[PDB]
Amino acid sequence: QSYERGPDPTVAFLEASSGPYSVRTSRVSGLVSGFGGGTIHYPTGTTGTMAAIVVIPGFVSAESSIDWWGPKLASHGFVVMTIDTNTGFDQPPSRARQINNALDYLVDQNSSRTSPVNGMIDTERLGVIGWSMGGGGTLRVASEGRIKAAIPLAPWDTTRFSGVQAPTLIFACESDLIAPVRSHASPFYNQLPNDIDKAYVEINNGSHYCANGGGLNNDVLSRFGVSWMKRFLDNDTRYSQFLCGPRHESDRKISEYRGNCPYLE
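The entry's author numbering numbers the first residue of the sequence shown as 40 and each following residue consecutively.
Shown next, in the form of structure tokens:
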């Protein structure tokens, strides 16, 4: 309970466009960083330290990105850095390097005397969200033992994920032509070990962009994704009710759910 922030949650509260905090941003240029540049999002009117999240896009022919996740999560009491589209990285191994570089940068910002997020980050509580080959990257990083929560979005990779060590929620896109679920998200989920808390949420008729945020799927992304980071970065069991209990497949937007509820303490 020591890391819990904000009011007792409800479905309506999670599905609302914004969380309880106003949000500010700080731009990070590619010139001064090793991960491609991005935007740090953080809540105003908080005190103490909070978990930090890196959000990475990794689709080679992307026409837009994942920045919806930045304000969404920051408004719920996270420091959240969205990474810009970056052709300097590509395949999943390089995306894992990119993610680690970004996490390193965000950890370093906690002690940077010019950073607006100086002293706001609990450097021991880090999460990653990543799209496409960046979702492959997220699963790789989730195997390394530093991050405490992972959310791959429409992941693409060519390896296996039996060694993932962080609680992992995979968003799969049913009609994905870029990273077909039968070759990517679904086998990746099935490879995850039994000693982690995990979930698989396939979005009905989703294209490869289905979990990027900012379109018609925000309710499912909010309920699952905010709850995942609350539960597993903040140890906030007030959010367990949204992850474990509901008949998820009753939601018309969820074409398949898998998981290993309950997520015991």
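Ideal placement from N, C-alpha and C gives every residue a C-beta, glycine not left out.
With a CB to CB cut of under 6 Å and the five nearest residues on each side skipped, what residues in its chain are close to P206? Close CB contacts of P206 within its chain, under the 6 Å cut and outside five residues either way in sequence, are with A188, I235, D236 and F271 (chain order).
Whole-number beta carbon distance between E295 and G245, since they are thought to touch under 8 Å: Going by Cβ atoms, the distance from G245 to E295 rounds to 11 Å, so no, they are not a contact pair.
Indicate the three-state DSSP secondary structure (helix, strand or coil) for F98 in the structure shown. DSSP places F98 in coil when its eight states are reduced to three.
Near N274, which residues of its chain fall below 7 Å by C-beta distance, leaving aside the five closest residues on each side in sequence? Hits under 7 Å: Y42.
As assigned by DSSP and simplified to three states, the class of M159: Here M159 carries a coil assignment [DSSP, helix/strand/coil].
Taking DSSP as the reference, what is the three-state secondary structure of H287? In this structure, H287 counts as helix in the three-state DSSP scheme.
State the CB to CB distance for the pair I209 and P191, rounded to an integer number of angstroms; the pair is presumed to be in contact (CB under 8 Å). Rounded to the nearest angstrom, the Cβ distance from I209 to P191 is 5 Å, consistent with a contact under 8 Å.
Proximity below 8 Å, CB of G298 to CB of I105: Taking 8 Å as the cut-off, the Cβ atoms of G298 and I105 do not count as close.
Counting along the chain, where does the beta strand (DSSP E) carrying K237 start and finish? Segment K237 to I242, the beta strand (DSSP E) holding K237.
Any Cβ of chain C within less than 8 Å of the Cβ of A51? Here there is only one protein chain, and chain C is not present.
Measuring straight from C-alpha to C-alpha, what distance separates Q148 and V156? Their Cα atoms are separated by approximately 7 Å.
Provide the residue(s) that pair with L165 in DSSP beta bridges, ordered along the chain. DSSP output for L165 lists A91 as bridge partner(s).
Is the stretch 125-145 in contact with the stretch 168-184, if contact means three or more CB pairs nearer than 8 Å? Verdict: yes, contact present.
Going by beta-carbon coordinates alone, are residue 26 and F52 separated by less than 8 Å? As shown, the chain starts at 40 and ends at 304. That puts residue 26 outside it, with no answer to give.
Distance check for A90 and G84, CA to CA, integer angstroms please. When only Cα atoms are considered, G84 and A90 end up about 16 Å apart.
Is the Cβ-Cβ distance between residue 34 and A250 less than 8 Å? No answer is possible for residue 34: the residues shown for the chain start at 40 and end at 304.
Tell me, please, which residues DSSP counts as bridged to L70. In the DSSP output, where bridge partners are listed per residue, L70 has none listed.
Take every Cβ of the stretch 69-83, pair it with every Cβ of the stretch 107-124, and state whether three or more of those distances are shorter than 8 Å. At 8 Å Cβ cutoff, the stretches touch.
Alpha carbon to alpha carbon, how far is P132 from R66? Taken atom to atom, the span from the alpha-carbon of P132 to that of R66 is near 26 Å.
Among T49, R44 and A55, which has the Cα closest to the Cα of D258? Considering only alpha carbons, the answer is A55.
Quick one: is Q40 buried, meaning 16 or more other Cβ sit within 10 Å of its Cβ, or exposed? With fewer than 16 other Cβ atoms within 10 Å, it is exposed.
Check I138 in the structure and name its three-state DSSP category. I138 sits in a helix when the DSSP states are folded into three classes.
Just reading off the alpha helix (DSSP H) that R270 is part of, what are its end residues? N257 to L272 is the span of the alpha helix (DSSP H), which, as asked, contains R270.
Applying the criterion that 16 or more other CB atoms from any shown protein chain within 10 Å of the CB defines a buried residue, is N256 buried or exposed? Classification for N256: buried.
Is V118 helix, strand or coil when you go by DSSP? Here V118 carries a strand assignment [DSSP, helix/strand/coil].
Just to confirm my understanding: we take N140, look at its own chain, exclude 5 residues before and 5 after, and list those with CB closer than 6 Å. What are they? So the list reads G73 and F74, once near-sequence residues are dropped.
Taking just the CA atoms, how far does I95 sit from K269? The straight-line gap from Cα to Cα measures roughly 19 Å.
In angstroms, rounded to a whole number, what distance separates the CA positions of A113 and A211? Approximately 23 Å, taken between the alpha carbons.
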